[PDB]
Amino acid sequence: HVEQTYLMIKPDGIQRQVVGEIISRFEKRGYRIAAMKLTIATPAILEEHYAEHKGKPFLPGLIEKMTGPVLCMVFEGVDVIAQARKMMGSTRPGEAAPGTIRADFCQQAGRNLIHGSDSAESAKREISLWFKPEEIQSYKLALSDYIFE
């Protein structure tokens, strides 16, 4: 039983030129790239991405920081929603565990490199927001017998 999560490299990941290193961390566990697209995020889409925070005082500055190039991604694997969050580490890099993306690359929450869905419901919503169904690619990894039980 696999699932799919939405992972997005934020503008700091693009500008620091660590896109490949980020992708390699997820590929290393045998997670499958199901979708990938470079875009420039707009306020219109970011308002919906961050809909839970409508009306909050930090939302304008958060949208501003995110208005830039991003890499939209979908990865598939067992428990991948929760596992991707564990791999990213805590929101605040200073609190994240060594070995996580945020602890290894970052200093502050406002520049923490990557977003990932926080739940099954959020993953479905975010994938549908950033990708049309025709952009989601279904194929089987050739090493499946050595990745899955």
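From 1 onward, residues are counted along the sequence shown.
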Stretch with the higher entry mean CA B-factor, where the candidates are 128-136 and 12-20
128-136
Segment of higher mean CA temperature factor, 42-50 or 78-86:
42-50
Going by the CA temperature factor in the entry, name the top one among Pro98, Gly30, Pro69, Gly116.
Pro98
B-factor third for the C-alpha atom of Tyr146 within its chain:
middle
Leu59, C-alpha B-factor rank within chain (lowest, middle or highest third)
highest
Would you check the entry's CA temperature factor for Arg92 and let me know if it's in the chain's lowest, middle or highest third?
middle
Using the B-factors in the PDB entry, rank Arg111's C-alpha atom against the chain and give the third, lowest, middle or highest.
middle
